[PDB]
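Only this structure's heavy atoms are used, side chains among them; waters, hydrogens and symmetry mates stay out. Heads up: numbering here begins at 1 and tracks the sequence.
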Amino acid sequence: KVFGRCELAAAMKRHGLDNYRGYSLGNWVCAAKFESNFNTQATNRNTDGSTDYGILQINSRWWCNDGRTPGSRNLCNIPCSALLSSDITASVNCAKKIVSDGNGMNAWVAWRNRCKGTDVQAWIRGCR
């Protein structure tokens, strides 16, 4: 599913991401924009052999199981395929664990390089 911007904002808010670990909703929407272009089905292979999955590009080395990643820990106890669903619940629940792990949203490279320090509230402009 390719979410609309305000559609994704509303889903993320419903699931409690707005201000989670202190990160306002626009941070999460901006992260999803630049990690996946709002596409729940996005997958990208990494140099280390892991893959990033879903709307928030969750990594198969630490967080989800894809059956082909050396050193996998599956800390979010979930198949990586579950992070590609049109329902963002599993991605949200795993993102909550990731952002609590110590480095905050810096775990999302696209957030760090393209959202951090910017006017992120622009990402929820026009949204109810």
Side-chain angles (χ1 to χ4, degrees), residues 1-124 126-128:
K1 174 176 169 70
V2 178
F3 272 80
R5 178 175 60 84
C6 290
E7 186 187 18
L8 184 60
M12 289 177 152
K13 180 169 177 163
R14 169 166 53 90
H15 278 109
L17 271 181
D18 55 304
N19 314 307
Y20 191 89
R21 291 295 181 188
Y23 291 91
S24 66
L25 188 58
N27 281 285
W28 295 103
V29 176
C30 185
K33 168 67 184 179
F34 295 126
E35 289 290 355
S36 68
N37 209 17
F38 301 148
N39 182 3
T40 67
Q41 297 196 76
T43 62
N44 292 287
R45 186 79 93 135
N46 304 312
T47 305
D48 67 6
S50 70
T51 301
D52 286 356
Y53 294 85
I55 188 72
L56 284 169
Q57 292 291 280
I58 292 171
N59 188 261
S60 64
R61 204 241 164 257
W62 288 101
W63 303 108
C64 62
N65 176 55
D66 71 5
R68 68 175 191 191
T69 302
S72 175
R73 300 293 321 283
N74 195 11
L75 294 174
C76 286
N77 194 37
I78 190 165
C80 297
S81 69
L83 307 180
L84 308 179
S85 171
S86 58
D87 187 324
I88 67 169
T89 300
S91 283
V92 169
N93 287 340
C94 189
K96 286 178 176 176
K97 296 182 177 79
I98 294 163
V99 75
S100 309
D101 185 66
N103 294 295
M105 287 194 76
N106 294 293
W108 286 275
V109 174
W111 177 86
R112 201 174 67 231
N113 287 328
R114 309 179 71 176
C115 302
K116 182 181 190 179
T118 77
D119 179 15
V120 293
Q121 183 254 50
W123 291 98
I124 58 177
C127 306
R128 197 78 153 167

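- With a 4.5 Å cut-off on side-chain heavy atoms, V29 and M12 count as touching.
- Here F38 contributes atom CZ and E7 contributes atom CD; the two are 10.5 Å apart, rounded to the nearest 0.5 Å.
- Within 6.0 Å of NZ in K96 there are more than 12 heavy atoms belonging to other residues, nucleotides or ligands.
- Aromatic ring centres of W111 and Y23: separated by under 6.0 Å.
- Ring pair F34/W123: centre-to-centre distance below 6.0 Å.
- Of the residues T47, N46, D52, the one that meets the side-chain hydrogen bond (donor to acceptor under 3.5 Å, both in side chains) test with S50 is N46.
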Problem set entry | Candidate pair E35 and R114, rule salt bridge (charged side-chain N to carboxylate O under 4.0 Å, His left out), full reasoning | CA-CA 10 Å; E35 289 290 355; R114 309 179 71 176; over 6 Å; no
For this session: I would like to know whether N106 and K116 meet side chain to side chain donor-acceptor pair (under 3.5 Å); could you show each step before the answer?
Result: CA-CA 9 Å; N106 294 293; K116 182 181 190 179; 2.9 Å; yes
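- A donor-acceptor contact shorter than 3.5 Å links the side chain of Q57 to the backbone of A42.
- Between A9 and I124, the shortest heavy-atom distance links the atoms CB-CG2, 4.0 Å.
- Counting only distance, with no hydrogens or angles, the side chain of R45 and the backbone of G49 share a donor-acceptor pair below 3.5 Å.
- Looking at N74 and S72, their side chains never bring a donor and an acceptor atom within 3.5 Å of each other.
- For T51 and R61, the side-chain atoms include no donor-acceptor pair closer than 3.5 Å.
- The sulfur atoms (SG) of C80 and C64 lie less than 2.5 Å from each other.
- Taking SG of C30 as the start and CG of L25 as the end, the distance is 11.5 Å to the nearest 0.5 Å.
- Inter-residue side-chain proximity for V92 and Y20 is flagged as unmet; no heavy-atom pair is nearer than 4.5 Å.
- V99 and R21 make their closest contact through CG1-CG, 3.9 Å (heavy atoms, listed as atom of the first residue, atom of the second, distance).
- Under a 3.5 Å cut-off, the side chain of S36 and the backbone N or O of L56 do not form any donor-acceptor pair.
- Atoms CG and CD1, on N93 and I88 in that order, are 9.5 Å from each other to the nearest 0.5 Å.
- Residue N77 qualifies as open at atom CG: its count of foreign heavy atoms under 6.0 Å is 12 or below.
- At a threshold of 4.5 Å between non-hydrogen side-chain atoms, the residues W28 and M105 count as touching.
- The one candidate from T43, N44, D66 that meets the side-chain hydrogen bond (donor to acceptor under 3.5 Å, both in side chains) condition with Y53 is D66.
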Problem set entry | Test log, rule side chain to side chain contact (heavy atoms under 4.5 Å, CB included), inputs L75 and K97 | CA-CA 9 Å; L75 294 174; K97 296 182 177 79; over 6 Å; no
Exercise. Does the side chain to side chain donor-acceptor pair (under 3.5 Å) test come out yes or no for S24 and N27, once each step is laid out?
Worked result: CA-CA 6 Å; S24 66; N27 281 285; 3.0 Å; yes
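- Annotation: side chain of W108 is in contact with side chain of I98 (closest heavy-atom distance under 4.5 Å).
- With a 4.5 Å cut-off on side-chain heavy atoms, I55 and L8 count as touching.
- Shortest non-hydrogen contact noted between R5 and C127 is NH1-SG, 3.6 Å.
- A distance of 9.0 Å separates CG in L84 from CG in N39, rounded to the nearest 0.5 Å.
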For this session: Would you check, one step at a time, whether the test side chain to side chain contact (heavy atoms under 4.5 Å, CB included) holds for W63 with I78?
Result: CA-CA 8 Å; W63 303 108; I78 190 165; over 6 Å; no
Problem set entry | Check against side chain to side chain contact (heavy atoms under 4.5 Å, CB included), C76 and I58 | CA-CA 10 Å; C76 286; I58 292 171; 5.6 Å; no
Problem set entry | Verdict with supporting geometry, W62 and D101, side chain to side chain contact (heavy atoms under 4.5 Å, CB included) | CA-CA 11 Å; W62 288 101; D101 185 66; over 6 Å; no
